[PDB]
Amino acid sequence: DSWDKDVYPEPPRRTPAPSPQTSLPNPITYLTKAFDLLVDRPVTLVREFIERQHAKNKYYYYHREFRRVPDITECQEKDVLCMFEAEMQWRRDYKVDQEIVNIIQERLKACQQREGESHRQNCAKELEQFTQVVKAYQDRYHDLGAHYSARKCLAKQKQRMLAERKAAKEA
Amino acid sequence: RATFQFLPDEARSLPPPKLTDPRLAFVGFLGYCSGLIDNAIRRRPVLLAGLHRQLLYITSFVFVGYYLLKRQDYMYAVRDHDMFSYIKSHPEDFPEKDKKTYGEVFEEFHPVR
Ligand SMILES: CCCCCCCCCCCCCCCCCC(=O)OC[C@H](COP(=O)(O)OCCN)OC(=O)CCCCCCCCCCCCCCCCC
Ligand SMILES: CCCCCCCCCCCCCCCCCC(=O)OC[C@H](COP(=O)(O)OCCN)OC(=O)CCCCCCCCCCCCCCCCC
Ligand SMILES: N=C(N)NC(=N)NCCc1ccc(I)c(Cl)c1
């Protein structure tokens with residue numbers, strides 16, 4: 001269609017077949033037919049017309065690729081020229097990570113609606129994946145403050161790594 | 001350097017200020033403002049009256065200002081020349097440090113909670 005099914009999965013659709021157990025006519029069936037004739041059909045033709053115009057003028061746009069530069073770990077201290085590139089990279093990855101957590105949150109919300117009253121059991125995978133990604137995001141970026149930077153992120157990581165070393169030292 | 005000299009001869013090894021220098025243009029603008037104030041305090045038509053007088057206000061401001069900027073630029077060249085020559089003569093006072101990357105340098109993290 002338009003989006004990738006892998007990034008935004010949707011289980012296969014299973015609609016039951018009509019099994020009328022009444023002699024009465026179904027009002028929804030005739031309303032659906034009227035909707036197709038009076039709404040879907042004229043709307044579809046107007047779109048097919050517009051698509052005929054867009055095919056006569058076909059042009060492209062691209063997704064910007066960003067080459068990787070050295071991280072703030074490789075920057076000599078107070079070396080602004082290398083700090084600037086690492087800092088800009090870190091900010092780009094920060095925004096992307098925000099959108100990753102949004103994708104995982106959108107999967108979780110779609111599952112909860114889709115599964116209805118069975119969501120508590122049928123959305124356990126999406127809950128787990130959301131829990132893991134939120135934990136990773138919290139470790140990277142939480143508590144940095146409004147004036148966050150790659151330097152502050154590194155200091156937060158080093159503090160976390162030091163505690164992990166000490167806890168293992170206990171073992 | 002030379003005693004009681006406005007522009008020592010060593011200053012001629014420097015480029016002169018360009019006549020389109022933005023600071024010189026500002027100085028000329030001040031001369032123009034002086035001309036207008038001269039007309040205003042004497043109740044003459046401010047813009048129009050005595051254009052020869054206004055011209056001399058602009059020209060004299062630019063003329064003096066050109067030599068001040070020439071001397072200003074020279075004195076900052078002398079400051080830089082003195083400072084670098086002193087650094088060469090006393091290396092031990094200005095050691096070149098060993099630079100460490102942030103992966104190696106420990107910085108404390110202060111949470112904003
Ligand atoms: C591209 C230029 C942009 C302007 C930059 C201005 C920078 C500040 C310069 C200060 C010097 C202003 C000139 C000295 C005042 C002379 C004008 C005056 O005193 O009276 C207004 C006079 C008109 O009245 P009149 O006496 O009857 O003369 C008839 C002439 N047609 O004359 C006139 O008809 C109009 C003359 C100009 C009026 C000047 C008004 C004074 C403004 C002072 C406010 C402070 C400046 C803004 C602060 C930021 C500075 C960038
Ligand atoms: C620091 C960065 C900024 C730079 C600052 C620089 C400041 C110093 C620069 C000089 C500032 C003063 C400039 C004065 C310009 C106005 C002079 C003028 O228009 O005079 C007109 C006329 C007299 O002209 P006149 O003396 O006859 O010219 C022949 C000279 N042998 O008679 C008149 O009607 C003039 C009346 C108005 C004058 C006010 C009173 C002062 C008297 C000045 C006498 C002439 C000055 C000549 C200026 C030459 C300077 C190079
Ligand atoms: N602080 C003092 N009392 N002396 C002083 N001005 N030291 C600073 C040295 C200096 C500054 C500007 C220039 I131009 C030059 Cl040639 C030298």
Side-chain angles (χ1 to χ4, degrees), chain A residues 66-95 97-98 101 133-169, chain B residues 1 8 10-27 29-30 65-66 68-113:
Chain A
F66 282 114
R67 158 194 325 159
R68 303 299 301 184
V69 292
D71 289 284
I72 199 84
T73 30
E74 323 282 50
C75 289
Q76 278 160 358
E77 71 201 333
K78 297 184 86 223
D79 182 349
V80 299
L81 279 151
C82 314
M83 287 183 90
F84 166 72
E85 308 226 55
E87 178 64 55
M88 291 298 102
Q89 172 163 264
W90 179 88
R91 284 169 127 74
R92 284 192 299 275
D93 300 338
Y94 188 14
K95 270 174 213 299
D97 283 334
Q98 288 164 16
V101 180
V133 171
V134 160
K135 178 56 168 156
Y137 181 99
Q138 200 186 60
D139 286 1
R140 282 170 171 243
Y141 302 117
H142 200 40
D143 297 327
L144 292 195
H147 293 111
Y148 52 63
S149 53
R151 263 179 68 196
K152 284 187 166 87
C153 203
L154 184 54
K156 183 174 158 89
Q157 173 167 342
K158 278 193 196 189
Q159 192 182 259
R160 169 165 43 79
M161 267 179 324
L162 274 164
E164 287 166 348
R165 201 173 58 174
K166 219 173 78 76
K169 189 230 71 78
Chain B
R1 63 190 267 197
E10 64 163 343
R12 302 184 78 191
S13 44
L14 297 157
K18 319 186 85 31
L19 307 184
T20 50
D21 184 294
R23 302 163 301 177
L24 198 58
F26 183 64
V27 170
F29 175 68
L30 294 198
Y66 170 79
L68 294 169
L69 289 161
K70 184 129 58 49
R71 184 184 163 72
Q72 172 195 335
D73 287 4
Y74 162 70
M75 292 308 311
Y76 285 127
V78 167
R79 178 206 51 183
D80 281 30
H81 193 70
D82 295 331
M83 161 185 46
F84 294 134
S85 99
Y86 191 86
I87 275 144
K88 260 168 76 87
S89 314
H90 306 75
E92 47 295 335
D93 292 306
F94 299 91
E96 262 319 326
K97 322 309 208 273
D98 57 356
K99 309 110 64 183
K100 323 269 67 170
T101 59
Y102 283 105
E104 294 146 5
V105 177
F106 170 78
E107 298 197 289
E108 193 182 317
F109 174 58
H110 302 280
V112 178
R113 286 158 188 164

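Here is how names work: the chains are called A, B, and so on, in the same order as the sequence lines, proteins then strands, and each is numbered from 1. The analysis underlying the following values was restricted to heavy atoms, covering all of them including side chains, and did not include hydrogens, waters or symmetry mates.
Other residues, nucleotides and ligands contribute more than 12 heavy atoms inside 6.0 Å of the CZ atom of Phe94(B). Within 6.0 Å of atom CZ in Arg71(B), more than 12 heavy atoms from other residues, nucleotides or ligands are found, so the atom counts as buried in its surroundings. In the displayed structure, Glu92(B) atom CD is contacted under 6.0 Å by more than 12 heavy atoms of other residues, nucleotides or ligands. Around atom CZ of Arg91(A), more than 12 heavy atoms belonging to other residues, nucleotides or ligands sit under 6.0 Å away.
Both the backbone and the side chain of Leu144(A) come within contact range of chain B, with heavy atoms under 4.5 Å apart.
Just one of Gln76(A), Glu74(A), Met83(A) meets the side-chain contact (heavy atoms from CB on, under 4.5 Å) condition when paired with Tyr102(B); it is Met83(A).
Atom CD of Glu107(B) sits about 7.5 Å away from atom CD of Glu77(A), to the nearest 0.5 Å.
Across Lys100(B), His110(B), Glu104(B), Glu108(B), the residue that shares the most heavy-atom pairs under 4.5 angstrom with chain A is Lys100(B).
Contacts from residues 157-165 of chain A to chain B, taken as heavy-atom pairs separated by less than 4.5 Å, involve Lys158(A), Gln159(A), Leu162(A) in sequence order.
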